[PDB]
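The data block below is start38.txt; it holds compact mmCIF, C-alpha atoms.
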```txt
# COMPACT_ATOMS: atom_id res chain seq x y z
CA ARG A 2229 -29.90 -18.56 -44.01
CA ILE A 2230 -28.02 -21.91 -44.21
CA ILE A 2231 -24.49 -20.47 -43.64
CA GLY A 2232 -25.92 -18.09 -41.02
CA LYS A 2233 -27.68 -20.91 -39.16
CA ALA A 2234 -24.52 -23.09 -39.48
CA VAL A 2235 -22.44 -20.39 -37.69
CA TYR A 2236 -25.21 -19.83 -35.13
CA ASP A 2237 -25.19 -23.56 -34.33
CA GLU A 2238 -21.34 -23.80 -34.11
CA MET A 2239 -21.28 -25.87 -37.32
CA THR A 2240 -18.56 -25.56 -39.96
CA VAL A 2241 -19.49 -25.45 -43.68
CA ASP A 2242 -17.34 -26.19 -46.76
CA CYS A 2243 -18.37 -22.81 -48.14
CA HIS A 2244 -15.19 -20.98 -49.11
CA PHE A 2245 -15.81 -17.85 -51.14
CA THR A 2246 -13.78 -15.11 -52.83
CA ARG A 2247 -12.22 -12.36 -50.67
CA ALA A 2248 -14.50 -9.83 -52.40
CA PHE A 2249 -17.51 -11.94 -51.27
CA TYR A 2250 -16.30 -11.98 -47.59
CA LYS A 2251 -15.56 -8.22 -47.84
CA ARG A 2252 -19.04 -7.41 -49.25
CA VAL A 2253 -20.81 -9.49 -46.51
CA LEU A 2254 -18.87 -7.47 -43.89
CA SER A 2255 -19.65 -4.22 -45.84
CA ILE A 2256 -15.89 -3.64 -46.57
CA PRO A 2257 -15.08 -2.09 -49.97
CA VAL A 2258 -13.32 -4.05 -52.71
CA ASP A 2259 -9.74 -2.85 -53.28
CA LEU A 2260 -7.44 -3.39 -56.30
CA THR A 2261 -6.06 -6.64 -54.74
CA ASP A 2262 -9.34 -8.46 -55.44
CA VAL A 2263 -9.06 -7.42 -59.15
CA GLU A 2264 -5.51 -8.97 -59.50
CA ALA A 2265 -6.68 -12.59 -59.31
CA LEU A 2266 -9.57 -12.04 -61.84
CA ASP A 2267 -7.89 -9.80 -64.48
CA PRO A 2268 -4.14 -9.18 -64.00
CA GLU A 2269 -3.83 -6.80 -66.97
CA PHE A 2270 -6.85 -4.76 -65.67
CA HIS A 2271 -4.89 -4.66 -62.34
CA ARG A 2272 -1.57 -3.78 -64.11
CA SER A 2273 -3.25 -0.98 -66.13
CA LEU A 2274 -4.78 0.59 -62.99
CA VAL A 2275 -1.55 0.39 -60.96
CA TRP A 2276 0.33 2.55 -63.54
CA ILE A 2277 -2.59 5.02 -63.52
CA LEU A 2278 -2.52 5.32 -59.68
CA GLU A 2279 1.32 5.51 -59.40
CA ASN A 2280 2.27 7.89 -62.24
CA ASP A 2281 1.35 11.54 -63.11
CA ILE A 2282 -1.06 10.55 -65.91
CA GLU A 2283 -2.88 14.00 -65.83
CA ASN A 2284 -1.17 15.20 -69.06
CA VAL A 2285 -1.50 11.99 -71.18
CA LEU A 2286 -4.86 10.79 -69.84
CA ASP A 2287 -7.46 11.82 -72.53
CA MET A 2288 -10.05 9.64 -70.70
CA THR A 2289 -13.53 10.31 -69.22
CA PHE A 2290 -14.83 9.12 -65.79
CA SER A 2291 -17.59 7.05 -67.50
CA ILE A 2292 -16.99 3.53 -68.93
CA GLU A 2293 -18.19 1.85 -72.16
CA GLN A 2294 -19.80 -1.53 -71.36
CA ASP A 2295 -20.80 -3.16 -74.71
CA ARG A 2296 -24.35 -4.62 -74.66
CA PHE A 2297 -23.55 -6.62 -77.87
CA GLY A 2298 -25.81 -4.67 -80.29
CA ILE A 2299 -25.03 -1.22 -78.88
CA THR A 2300 -22.64 -0.03 -76.13
CA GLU A 2301 -24.30 1.37 -72.98
CA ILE A 2302 -22.17 4.04 -71.22
CA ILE A 2303 -22.23 3.66 -67.41
CA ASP A 2304 -21.80 6.63 -65.00
CA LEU A 2305 -19.85 5.89 -61.79
CA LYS A 2306 -21.43 8.94 -59.99
CA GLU A 2307 -23.87 11.89 -60.65
CA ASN A 2308 -23.07 13.10 -64.23
CA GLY A 2309 -20.11 10.67 -64.40
CA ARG A 2310 -19.83 10.90 -68.21
CA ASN A 2311 -19.08 14.68 -68.14
CA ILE A 2312 -16.53 14.36 -65.25
CA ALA A 2313 -12.87 13.98 -66.34
CA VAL A 2314 -10.11 11.84 -64.68
CA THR A 2315 -7.40 13.81 -62.78
CA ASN A 2316 -4.42 13.18 -60.37
CA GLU A 2317 -6.81 14.14 -57.49
CA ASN A 2318 -9.66 11.88 -58.76
CA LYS A 2319 -7.23 9.01 -59.55
CA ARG A 2320 -8.03 7.26 -56.24
CA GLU A 2321 -11.79 7.90 -56.74
CA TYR A 2322 -11.81 6.55 -60.33
CA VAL A 2323 -9.67 3.50 -59.48
CA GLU A 2324 -11.71 2.57 -56.33
CA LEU A 2325 -14.99 3.12 -58.30
CA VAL A 2326 -13.88 1.03 -61.30
CA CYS A 2327 -12.94 -1.86 -58.91
CA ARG A 2328 -16.49 -1.81 -57.51
CA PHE A 2329 -18.04 -1.58 -61.03
CA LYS A 2330 -15.94 -4.46 -62.52
CA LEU A 2331 -16.93 -7.18 -60.04
CA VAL A 2332 -19.36 -5.74 -57.44
CA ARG A 2333 -21.79 -4.57 -60.21
CA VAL A 2334 -22.22 -8.07 -61.69
CA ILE A 2335 -22.26 -9.61 -58.10
CA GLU A 2336 -24.36 -6.95 -56.19
CA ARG A 2337 -27.90 -8.51 -56.36
CA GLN A 2338 -26.44 -11.96 -55.59
CA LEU A 2339 -24.59 -10.60 -52.50
CA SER A 2340 -27.50 -8.42 -51.23
CA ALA A 2341 -29.71 -11.52 -51.16
CA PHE A 2342 -27.03 -13.57 -49.32
CA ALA A 2343 -26.47 -10.84 -46.73
CA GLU A 2344 -30.25 -10.43 -46.24
CA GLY A 2345 -30.64 -14.10 -45.29
CA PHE A 2346 -27.33 -14.22 -43.43
CA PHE A 2347 -28.02 -11.23 -41.21
CA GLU A 2348 -31.65 -12.32 -40.68
CA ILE A 2349 -30.01 -15.11 -38.50
CA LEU A 2350 -26.79 -13.46 -37.18
CA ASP A 2351 -26.53 -9.96 -35.57
CA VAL A 2352 -24.91 -7.55 -38.07
CA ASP A 2353 -23.09 -5.76 -35.22
CA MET A 2354 -21.83 -9.09 -33.71
CA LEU A 2355 -20.44 -10.58 -36.92
CA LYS A 2356 -18.91 -7.23 -37.99
CA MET A 2357 -16.09 -7.72 -35.38
CA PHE A 2358 -14.51 -10.32 -37.72
CA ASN A 2359 -11.97 -9.55 -40.48
CA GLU A 2360 -12.62 -10.42 -44.18
CA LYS A 2361 -10.14 -13.28 -43.48
CA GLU A 2362 -11.57 -14.21 -40.04
CA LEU A 2363 -15.09 -14.52 -41.52
CA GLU A 2364 -13.86 -17.47 -43.64
CA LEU A 2365 -12.45 -19.07 -40.47
CA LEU A 2366 -15.68 -18.44 -38.54
CA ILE A 2367 -17.86 -19.99 -41.33
CA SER A 2368 -15.63 -22.88 -42.45
CA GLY A 2369 -13.41 -23.44 -39.37
CA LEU A 2370 -9.74 -22.86 -38.41
CA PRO A 2371 -7.43 -25.45 -40.07
CA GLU A 2372 -4.57 -27.01 -38.06
CA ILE A 2373 -2.09 -26.54 -40.94
CA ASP A 2374 1.04 -28.89 -41.06
CA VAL A 2375 4.18 -26.80 -41.70
CA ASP A 2376 6.17 -29.93 -42.61
CA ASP A 2377 3.63 -30.81 -45.34
CA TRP A 2378 3.72 -27.14 -46.43
CA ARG A 2379 7.54 -27.13 -46.77
CA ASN A 2380 7.61 -30.55 -48.44
CA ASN A 2381 5.31 -29.30 -51.23
CA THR A 2382 6.59 -25.71 -51.65
CA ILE A 2383 8.65 -24.88 -54.77
CA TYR A 2384 11.22 -22.00 -54.87
CA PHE A 2385 12.37 -19.46 -57.51
CA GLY A 2386 15.48 -17.39 -56.89
CA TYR A 2387 15.89 -19.39 -53.62
CA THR A 2388 16.53 -23.01 -52.45
CA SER A 2389 15.14 -24.93 -49.41
CA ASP A 2390 18.47 -23.93 -47.73
CA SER A 2391 18.42 -20.20 -48.71
CA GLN A 2392 18.85 -18.14 -45.47
CA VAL A 2393 15.76 -16.08 -46.40
CA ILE A 2394 13.79 -19.40 -46.79
CA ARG A 2395 15.19 -20.94 -43.60
CA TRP A 2396 13.96 -17.83 -41.72
CA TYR A 2397 10.59 -18.00 -43.56
CA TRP A 2398 10.01 -21.58 -42.39
CA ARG A 2399 11.22 -20.76 -38.86
CA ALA A 2400 8.70 -17.86 -38.82
CA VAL A 2401 5.86 -20.15 -40.15
CA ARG A 2402 6.73 -22.80 -37.50
CA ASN A 2403 6.49 -20.10 -34.80
CA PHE A 2404 3.19 -18.72 -36.16
CA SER A 2405 0.01 -19.59 -34.37
CA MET A 2406 -2.57 -21.79 -36.15
CA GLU A 2407 -4.44 -18.48 -36.81
CA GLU A 2408 -1.38 -16.73 -38.35
CA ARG A 2409 -0.55 -19.83 -40.46
CA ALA A 2410 -4.14 -19.89 -41.83
CA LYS A 2411 -3.97 -16.09 -42.56
CA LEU A 2412 -0.64 -16.66 -44.41
CA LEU A 2413 -2.28 -19.47 -46.45
CA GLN A 2414 -5.27 -17.24 -47.34
CA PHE A 2415 -2.86 -14.36 -48.13
CA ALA A 2416 -0.81 -16.23 -50.77
CA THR A 2417 -3.59 -18.50 -52.09
CA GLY A 2418 -6.80 -16.68 -51.17
CA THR A 2419 -8.39 -19.45 -49.09
CA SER A 2420 -8.10 -21.34 -45.78
CA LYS A 2421 -9.21 -24.48 -47.81
CA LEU A 2422 -6.60 -27.16 -48.01
CA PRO A 2423 -6.93 -30.37 -50.03
CA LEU A 2424 -7.31 -33.67 -48.14
CA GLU A 2425 -3.86 -34.88 -49.42
CA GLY A 2426 -2.50 -31.51 -48.19
CA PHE A 2427 -0.20 -28.96 -49.86
CA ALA A 2428 0.78 -31.72 -52.34
CA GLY A 2429 -2.42 -31.50 -54.37
CA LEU A 2430 -2.73 -27.76 -53.90
CA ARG A 2431 -4.58 -26.06 -56.72
CA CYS A 2432 -5.00 -22.54 -58.07
CA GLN A 2433 -7.51 -21.14 -60.68
CA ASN A 2434 -5.07 -22.25 -63.45
CA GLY A 2435 -5.11 -25.99 -62.55
CA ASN A 2436 -2.92 -27.47 -59.80
CA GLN A 2437 -0.09 -25.43 -58.28
CA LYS A 2438 2.21 -26.33 -55.36
CA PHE A 2439 2.87 -23.19 -53.22
CA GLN A 2440 5.64 -21.17 -54.96
CA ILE A 2441 8.00 -18.72 -53.20
CA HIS A 2442 9.92 -16.27 -55.42
CA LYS A 2443 12.80 -13.79 -54.86
CA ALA A 2444 10.78 -10.55 -54.95
CA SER A 2445 13.65 -8.36 -56.28
CA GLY A 2446 12.95 -5.85 -53.48
CA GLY A 2447 15.14 -4.54 -50.67
CA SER A 2448 14.87 -5.46 -46.98
CA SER A 2449 12.34 -2.57 -46.72
CA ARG A 2450 9.75 -3.93 -49.23
CA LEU A 2451 6.78 -6.18 -48.26
CA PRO A 2452 5.91 -9.76 -49.41
CA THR A 2453 3.57 -9.52 -52.49
CA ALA A 2454 1.13 -12.38 -53.18
CA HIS A 2455 -0.30 -13.66 -56.50
CA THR A 2456 -3.30 -15.84 -55.54
CA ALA A 2457 -3.72 -16.88 -59.19
CA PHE A 2458 -0.73 -19.33 -58.82
CA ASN A 2459 -0.36 -19.74 -54.96
CA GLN A 2460 2.66 -17.48 -55.32
CA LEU A 2461 4.41 -15.52 -52.55
CA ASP A 2462 7.11 -13.03 -53.55
CA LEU A 2463 9.50 -12.78 -50.57
CA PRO A 2464 12.13 -10.00 -50.90
CA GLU A 2465 15.71 -10.49 -49.64
CA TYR A 2466 15.48 -9.70 -45.89
CA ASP A 2467 18.56 -9.11 -43.71
CA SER A 2468 17.36 -10.65 -40.40
CA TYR A 2469 14.83 -13.19 -39.08
CA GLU A 2470 13.06 -10.51 -36.98
CA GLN A 2471 12.77 -8.29 -40.09
CA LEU A 2472 11.21 -11.09 -42.16
CA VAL A 2473 8.92 -12.21 -39.32
CA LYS A 2474 7.57 -8.64 -38.90
CA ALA A 2475 7.12 -8.01 -42.62
CA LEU A 2476 5.36 -11.42 -42.96
CA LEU A 2477 2.96 -10.54 -40.09
CA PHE A 2478 2.14 -7.12 -41.57
CA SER A 2479 1.29 -8.60 -45.01
CA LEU A 2480 -1.09 -11.30 -43.79
CA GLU A 2481 -2.87 -8.81 -41.49
CA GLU A 2482 -3.29 -5.41 -43.37
```
structure tokens encoding of this file:
Amino acid sequence: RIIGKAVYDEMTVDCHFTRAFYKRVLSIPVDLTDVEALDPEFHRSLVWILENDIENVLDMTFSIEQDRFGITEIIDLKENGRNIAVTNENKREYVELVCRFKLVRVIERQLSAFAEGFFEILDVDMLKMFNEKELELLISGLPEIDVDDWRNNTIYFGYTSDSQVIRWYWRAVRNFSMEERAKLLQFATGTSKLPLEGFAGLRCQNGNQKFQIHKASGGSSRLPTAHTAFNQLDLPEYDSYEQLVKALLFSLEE
């Protein structure tokens, strides 16, 4: 009701939430990207499962063992989920269901209450026109983000401030609109929130972390991968400015 009334009254609030929170308010399902920040080995185990032909060496049921300290309570993901086996066909189903039962199950009742009070102020159909990223900008505001401050407090790995790939990256960020710059910040960090000092006192979940850009070890075809846990953006070696600027724009959008 507060955040809903704040938006209704064209008032910005310092309420920055997780991407999974913004997705659930908009009734958008949680994908594996939301799991990466929270548990990277849970994310790394699922990626191998979804990429490789695990059908032969699976030996795993569709149900999951959640230990209730004294005794473990087996949870079904669907009707008769404990008897259903995991296959190459059901690999998308199991992975998308386990993402919703790892975070959305212990954050469902909290979110359902928020959405009830939020949508009892704002029209569900009106607010739905905003992206999971644009909802943060609607609620909190659109930051006018200083590219000079961003470049002054950005550290590189595999590159230097003068690397051609980097020089194109900064040229692209300078050219980006204030909207695109904010979507690039929330892509690599997970939030539009910027400290008052700026990118200098930037912080991640694991303490403080100045924005880090790494050589992604991918060809000019591959896309920029982000690791919100350390404000990290893995930029592969592009061959032209127009190639990098289009692959940057695709990543932040999606």
- Item | Top pick for closest residue to residue 2321 (chain A), considering A:2335, A:2278, A:2302, A:2349 and counting only C-alpha atoms | A:2278
- Kindly indicate which residue among A:2396, A:2429, A:2369, A:2412 lies nearest to residue 2467 (chain A), using all atoms listed in the file for the distances. A:2396
- Separation of CA of residue 2472 (chain A) and CA of residue 2447 (chain A), in Å? 11.4 Å
- Task: Would you mind telling me which residue in A:2359, A:2449, A:2440, A:2420 lies nearest to residue 2253 (chain A) when using all atoms listed in the file?
- Result: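 Between A:2359, A:2449, A:2440, A:2420, the residue approaching residue 2253 (chain A) most closely is A:2359.
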- Shortest interatomic distance to residue 2456 (chain A) - which of A:2426, A:2268, A:2345, A:2309, counting only C-alpha atoms: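 Nearest to residue 2456 (chain A): A:2268.
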- Message: With distances taken over all atoms listed in the file, which residue among A:2465, A:2265, A:2260, A:2446 lies nearest residue 2433 (chain A)?
- Response: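 Under the stated criterion, the closest residue is A:2265.
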- Message: Given all atoms listed in the file as the basis, pick out the residue of A:2402, A:2361, A:2330, A:2247 nearest to residue 2261 (chain A).
- Response: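 Nearest to residue 2261 (chain A): A:2247.
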- Please indicate the distance in Å from CA of residue 2243 (chain A) to CA of residue 2374 (chain A), rounded to one decimal place.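 So the two atoms, CA of residue 2243 (chain A) and CA of residue 2374 (chain A), lie 21.5 Å apart.
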- Item | 10 Å contact set for residue 2355 (chain A), only C-alpha atoms, chain neighbours under 4 positions out, as number ranges by chain | A: 2253-2254, 2347, 2350-2351, 2359, 2363, 2366
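Across the structure, CA of residue 2377 (chain A) and CA of residue 2401 (chain A) are spaced 12.1 Å apart.
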Would you pick out the contacts of residue 2409 (chain A) at 10 Å or less, using all atoms listed in the file, so that residues sharing its chain but fewer than 3 positions from it are not included, and give the list as a CSV table (one decimal) with C-alpha atoms, in the coordinates of the input?
```csv
chain,number,residue,atom,x,y,z
A,2370,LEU,CA,-9.7,-22.9,-38.4
A,2371,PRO,CA,-7.4,-25.4,-40.1
A,2372,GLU,CA,-4.6,-27.0,-38.1
A,2373,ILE,CA,-2.1,-26.5,-40.9
A,2374,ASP,CA,1.0,-28.9,-41.1
A,2375,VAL,CA,4.2,-26.8,-41.7
A,2400,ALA,CA,8.7,-17.9,-38.8
A,2401,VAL,CA,5.9,-20.2,-40.2
A,2402,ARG,CA,6.7,-22.8,-37.5
A,2403,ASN,CA,6.5,-20.1,-34.8
A,2404,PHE,CA,3.2,-18.7,-36.2
A,2405,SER,CA,0.0,-19.6,-34.4
A,2406,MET,CA,-2.6,-21.8,-36.2
A,2412,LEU,CA,-0.6,-16.7,-44.4
A,2413,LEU,CA,-2.3,-19.5,-46.4
A,2414,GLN,CA,-5.3,-17.2,-47.3
A,2415,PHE,CA,-2.9,-14.4,-48.1
A,2420,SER,CA,-8.1,-21.3,-45.8
A,2477,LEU,CA,3.0,-10.5,-40.1
A,2480,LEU,CA,-1.1,-11.3,-43.8
```
Near residue 2441 (chain A), counting only C-alpha atoms, which residues have an atom at most 9 Å away, once you skip same-chain residues fewer than 2 positions from it, shown as a PDB file with C-alpha atoms, in the coordinates of the input?
```
ATOM      1  CA  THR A2382       6.590 -25.710 -51.650  1.00  0.00           C
ATOM      2  CA  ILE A2383       8.650 -24.880 -54.770  1.00  0.00           C
ATOM      3  CA  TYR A2384      11.220 -22.000 -54.870  1.00  0.00           C
ATOM      4  CA  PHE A2385      12.370 -19.460 -57.510  1.00  0.00           C
ATOM      5  CA  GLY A2386      15.480 -17.390 -56.890  1.00  0.00           C
ATOM      6  CA  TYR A2387      15.890 -19.390 -53.620  1.00  0.00           C
ATOM      7  CA  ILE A2394      13.790 -19.400 -46.790  1.00  0.00           C
ATOM      8  CA  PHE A2439       2.870 -23.190 -53.220  1.00  0.00           C
ATOM      9  CA  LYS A2443      12.800 -13.790 -54.860  1.00  0.00           C
ATOM     10  CA  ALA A2444      10.780 -10.550 -54.950  1.00  0.00           C
ATOM     11  CA  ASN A2459      -0.360 -19.740 -54.960  1.00  0.00           C
ATOM     12  CA  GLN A2460       2.660 -17.480 -55.320  1.00  0.00           C
ATOM     13  CA  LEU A2461       4.410 -15.520 -52.550  1.00  0.00           C
ATOM     14  CA  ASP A2462       7.110 -13.030 -53.550  1.00  0.00           C
ATOM     15  CA  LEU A2463       9.500 -12.780 -50.570  1.00  0.00           C
TER      16      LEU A2463
END
```
